[PDB]
Participant: 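Could you have a look at this structure, given as structure tokens, before my questions?
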Amino acid sequence: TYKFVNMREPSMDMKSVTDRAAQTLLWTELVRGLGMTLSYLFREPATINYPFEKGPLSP
Amino acid sequence: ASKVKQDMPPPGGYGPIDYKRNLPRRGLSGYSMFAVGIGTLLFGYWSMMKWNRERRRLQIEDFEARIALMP
């Protein structure tokens with residue numbers, strides 16, 4: 001049982017062509033990555049205050 | 001007579017776990033983006049046209065002041 005990861009064909013209609021041209025010229029996916037980093041900026045960090053706080057351990 | 005206690009899944013089972021890729025669209029169309037860009041360009045062109053014509057008139061006035069003072 002297997003699946004393909006890179007076997008998809010782009011749509012060749014005028015709307016899809018114009019959308020791809022807008023992506024190429026206006027950098028939509030780059031803004032998407034910027035949005036991901038901006039979203040992370042507003043989260044609470046995972047850092048603890050060593051040595052005043054310690055990492056969890058087990059018996 | 002203690003029964004066996006061991007780390008086991010809860011009766012029934014665990015809740016479903018998502019694993020498939022989740023990448024939404026989250027965007028406009030190309031036509032809309034191009035239309036907004038060209039509209040902004042046209043508005044800017046109009047504003048700068050008026051401002052530069054006014055600036056030309058102001059420069060003419062300054063040059064006339066210089067001409068009146070030259071003799």
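Proteins get letters first, then strands, A, B, ... in listed order; numbering begins at 1 in each. No hydrogens, no waters, no symmetry mates; every other heavy atom, side chains included, goes into these values.
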Participant: Tell me whether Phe63(B) shares a hydrophobic cluster with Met70(B), the cluster being built from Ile, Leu, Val, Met, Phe, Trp, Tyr side chains joined at under 4.5 Å.
Facilitator: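 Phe63(B) does not cluster with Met70(B).
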
Participant: Could you tell me the separation between the CG atom of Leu23(B) and the CZ atom of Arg32(A), rounded to the nearest 0.5 Å?
Facilitator: 6.5 Å

Participant: I'd like to verify something: which residue of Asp19(A), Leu26(A), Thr18(A) has the highest number of heavy-atom pairs under 4.5 Å with chain B?
Facilitator: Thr18(A)

Participant: Looking at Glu61(B), I'd like to know if its CD atom is crowded, meaning that more than 12 non-hydrogen atoms belonging to other residues, nucleotides or ligands lie closer than 6.0 Å.
Facilitator: no

Participant: Who in residues 40-58 of chain B is close to chain A, using a strict under-4.5 Å heavy-atom cut-off?
Facilitator: none

Participant: Could you go through the side-chain contact (heavy atoms from CB on, under 4.5 Å) check for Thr28(A) and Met33(B) one step at a time?
Facilitator: CA-CA 10 Å; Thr28(A) 53; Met33(B) 306 183 208; 4.2 Å; yes

Participant: Determine the minimum heavy-atom distance between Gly30(B) and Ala22(A), stating which atoms define it.
Facilitator: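 Smallest heavy-atom distance, with atoms named: CA-CB, 3.6 Å.
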
